[PDB]
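What follows is a single structure, written as structure tokens, with notes after it.
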Amino acid sequence: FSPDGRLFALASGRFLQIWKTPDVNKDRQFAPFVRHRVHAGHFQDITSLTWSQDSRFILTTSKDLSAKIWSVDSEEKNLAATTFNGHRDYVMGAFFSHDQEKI
Amino acid sequence: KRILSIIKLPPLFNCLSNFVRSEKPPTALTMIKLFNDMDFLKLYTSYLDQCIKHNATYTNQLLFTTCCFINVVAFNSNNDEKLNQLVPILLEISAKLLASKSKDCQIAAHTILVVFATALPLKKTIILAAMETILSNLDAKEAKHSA
Amino acid sequence: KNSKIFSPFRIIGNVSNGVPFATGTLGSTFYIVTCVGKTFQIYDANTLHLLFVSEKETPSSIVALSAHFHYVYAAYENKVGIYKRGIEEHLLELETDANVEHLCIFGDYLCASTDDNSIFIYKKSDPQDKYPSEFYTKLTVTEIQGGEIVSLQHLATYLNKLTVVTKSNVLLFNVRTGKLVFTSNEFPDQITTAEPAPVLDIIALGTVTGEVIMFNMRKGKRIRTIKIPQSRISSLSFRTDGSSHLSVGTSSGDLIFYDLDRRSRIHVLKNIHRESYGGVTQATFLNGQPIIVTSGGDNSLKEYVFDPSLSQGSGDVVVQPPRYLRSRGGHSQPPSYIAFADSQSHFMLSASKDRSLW
Amino acid sequence: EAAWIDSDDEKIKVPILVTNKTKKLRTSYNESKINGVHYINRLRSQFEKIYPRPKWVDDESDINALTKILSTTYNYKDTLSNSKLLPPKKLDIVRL
Amino acid sequence: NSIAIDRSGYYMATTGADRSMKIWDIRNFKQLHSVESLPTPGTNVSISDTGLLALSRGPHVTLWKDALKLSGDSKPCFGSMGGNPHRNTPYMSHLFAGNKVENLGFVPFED
Amino acid sequence: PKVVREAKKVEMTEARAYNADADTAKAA
RNA sequence: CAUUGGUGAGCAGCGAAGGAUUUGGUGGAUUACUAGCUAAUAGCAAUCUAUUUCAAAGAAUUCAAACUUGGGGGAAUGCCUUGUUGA
């Protein structure tokens, strides 16, 4: 889940898919989850997620030897479009610092 | 017998599969069981349509074709749903045999029409249009006798 | 009255109600969106699985629904709703009080015919967006030009034109200039259905007496006529996989198949749906495919497939009859009794007045 | 040849290279905008090569008495009450 | 990710997981071509008996003709920017839309 | 033996379709 | 006299324009229903190509890697490790 609770994302295969959380106060519907997006930039399976402190970027790690950063909304797509290469093996984690300057 | 020994048998000709590489000929009841199918009947009527179109219908073929057709009608004479599946095939081939010039193929169609009308009671308008198609190309004398 | 214990969830067991469904094609797969009262339901045509159910019940019954690639356009009482994945994306209020009852979508245009013989054209704002959203113009079919609008279609390669099928006439509008380009001659009996052929500039018209006309919309003539005596024609579909067959659908529940090339009648599926519930209400070939999806008002949606021909040299003349493939269905009459089959709330037994236990 | 001309397509002018589907119906690599009647003919040939032209449309438009009566009828026997005497070999007998 | 050798023993195409196809001289150990930034890492390469180069990147198979040559005009491109004749565009391509290809192999004496 | 009316396992194929979004043009 | 053994010839009874047995094929379920493709914040689905190229980022003395061997005995020639001679 996001820190602000309203979205969740998951690493299904090699797609990072973000859905948005149904309310607890609402009644049960036939389809309560409404899809936000599904991003595909990794080539092999994604091993980890990490949300930023503000629920604004998400940083995913893959078996493919990279890690990627994705903005949640489309307007900040230029702030988060980089990929992080250089590891010899599976990237097991990718985290922000407290101020979201170091990764 | 020779073409059955060397043939690779199509799936519509399935009942001849116990007479391939055999010393005895297929029998007439095997020929009626071959003709009794509906897809085989559509296939053979298309073959006759090409025969009638290119004007190659010869009297031994017309005799064999008419014999197997009236035996199909005789075999299906006790189930009306098979007769009703069978009517727009053999009446269509009767129309296409009446729409040619051969006296032999015209009286072949006369034989098919007379056996089929005595096998089931057809409609009045079908019988009238059948006699119109009979008279609309009547040119011979043996054809006039049969007509 | 709103409740405080129980809140409505779904109405299960419903597949169709005899609104003519729409087919849509994502990529190379097909979906089938059928109306069930006030919701629609999207089905996966390769296996008839329920993909989507529309999210909210409309305030009245859905009466005309179409489907382009990702979007489903459902017309109920006054307005047209544009839906993606069930969740409604847009709502087009018409400026009338007349009930919208037909629609077509081509280009940047959505065209919705009401029942006072007016047609409302809606336009995209910029040709890159997803659905037509802004009001453009209004067209009117007055009593001089034609009767009640019985269908509304766009046959292909016709640059921003619209074939309007009235009960007696066929009009052709230019929907950018708002003009009436061509009005055909009259037809001696009331035409009920229309379907555009995959032949260029040919539409197929189905009358209330038994005949299918093959109108050539550029010559203004009719190409051919097919007569099915004492049968009201409720569906028309064309086969598009190198076999020129037509499938007509008759309101006594029959699906008749014609070869147009050699002018014969391939086969008749009799009692494919109940006449009392409407007969075969929509039958359509999934294009490029030998499978045809029918649906009737008896809460049933079937698929029929053509097997390849049994003669290895002729083929085109020995056409194997259509056989049955998957189908979904429910009760055709309202259920009379209800029980739960197990403690897990997974299955429930349900008996109806049409004498079936589902 | 044609029963109508609309006089709007001739003065319309379309782009071509904006979407990938219409990007294929150019005859040069310098064409970018074409006339409307040209564009209609390009996608008419494109429609004809998606769905190929069958023979039933251009083959024919609308002693054949038997063929016509068979192509109109669907039942081929006497209907209900124009019989007046029994058919042999198959009864019609319900149990009360 | 993959290695293929010509049957003349002269050229070697290697695909890495860094989205890089590389054509190598074998006899003199020069690096002939370095096609970097493939859209997705090339999972296979193969070289036919007549010197075609079949690269496969998951769903896609892409073949280049005359790519195993010395000149820089034989560097395998993916498009010809404005119709350049000196750019080796693909000889043919195919998309296996459902799946991801496991391996490639040319049939020896057939096309 | 009679002819064998057995059904094949049917899989759908990849078909091309004309979409009518190119059938609408704007004026300058 | 028993068969609670095989093969038949028949009754009573059941009994709506027929009944029984066997078998091939296909379709639907056999887990709890959010749609196809791709280079994926979008495109396509009639097509990716005549923008698909540049730039940036990206290289551990880990310049370490059989945690993978049936038992006993050995290992000329190999192979491994260590030293050594000559360059």
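Counting neighbours? That spans all protein chains shown, and the Cβs are built from the backbone with ideal geometry, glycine included. Each reported figure results from applying straightforward, stated rules to the coordinates on display, with no laboratory input.
Each residue in the range A:46-81 was checked for being hydroxyl-bearing (S, T, Y), in contact with a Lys or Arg (Cβ under 8 Å, 6 or more places away or on another chain) and buried (at least 20 other Cβ atoms within 10 Å of the Cβ), and 2 of them qualify. Scanning the range C:223-260 for residues that are among the hydroxyl-bearing types (S, T, Y), within 10 Å of chain D (Cβ to nearest Cβ) and either part of a strand (DSSP E or B) or under 15 Å from C:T193 (Cβ atoms) (or both) yields a count of 3.
Does B:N14 meet the test of being over 15 Å from C:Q312 (Cβ atoms) and not β-branched (V, I, T)? For B:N14, the condition - over 15 Å from C:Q312 (Cβ atoms) and not β-branched (V, I, T) - is not met.
Would you be able to tell me the number of residues in the range C:103-156 that are away from RNA strand G (no atom under 16 Å from the Cβ), over 16 Å from C:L92 (Cα atoms) and within 14 Å of chain F (Cβ to nearest Cβ)? So the answer is 2.
Number of residues in the range F:14-28 that are more than 6 Å from RNA strand G (Cβ to nearest atom), of a type outside the set (A, V, I, L, M, F, W, C) and surrounded by 11 or more Cβ atoms within 10 Å (Cβ to Cβ) equals 4. The number of residues in the range D:1-45 being within 8 Å of RNA strand G (Cβ to nearest atom), among the polar types (S, T, N, Q) and either surrounded by fewer than 17 Cβ atoms within 10 Å (Cβ to Cβ) or closer than 20 Å to C:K179 by Cα (or both) comes to 3. When A:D99 is tested against (1) under 30 Å from E:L38 (Cα atoms); (2) away from RNA strand G (no atom under 12 Å from the Cβ); (3) out of contact with any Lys or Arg (no Cβ under 6 Å at 6 or more places or on another chain), only condition (1) is not met.
On the basis of being within 30 Å of the chain's Cα centre (by Cα) and within 15 Å of F:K8 (Cα to Cα), does C:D307 make the cut? Yes. Against the criterion of being within 15 Å of RNA strand G (Cβ to nearest atom) and within 19 Å of the chain's Cα centre (by Cα), D:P52 qualifies.
Among the residues making up the range C:68-94, a single one is away from RNA strand G (no atom under 16 Å from the Cβ), part of a loop (DSSP other than H, G, I, E, B) and surrounded by fewer than 17 Cβ atoms within 10 Å (Cβ to Cβ): C:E77. The number of residues in the range A:1-23 that are within 14 Å of chain C (Cβ to nearest Cβ) and either away from RNA strand G (no atom under 12 Å from the Cβ) or farther than 27 Å from A:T82 by Cβ (or both) comes to 2. The residue list C:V199, C:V208, C:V181 contains one member that is more than 10 Å from chain D (Cβ to nearest Cβ) and either touching an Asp or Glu at 6+ places or on another chain (Cβ under 8 Å) or on the phi < 0 side of the Ramachandran plot (or both), which is C:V208. The condition (being near RNA strand G (Cβ under 10 Å from one of its atoms) and either outside any loop (DSSP other than H, G, I, E, B) or more than 14 Å from chain F (Cβ to nearest Cβ) (or both)) is satisfied by just one residue among C:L65, C:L50: C:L50.
Counting the residues of the range C:16-42 that are within 14 Å of chain F (Cβ to nearest Cβ), part of a strand (DSSP E or B) and near RNA strand G (Cβ under 10 Å from one of its atoms) gives 7. The criterion of at least 1 residues that are near RNA strand G (Cβ under 9 Å from one of its atoms) and either within 14 Å of another protein chain (Cβ to nearest Cβ) or over 22 Å from E:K100 (Cα atoms) (or both) is met by the following strands (runs of 3 or more DSSP E) wholly inside the range A:45-91: A:57-62, A:67-71. The set of residues in the range D:59-80 that are in a loop (DSSP other than H, G, I, E, B) and more than 9 Å from chain B (Cβ to nearest Cβ) comprises D:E60, D:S61, D:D62, D:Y74, D:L80.
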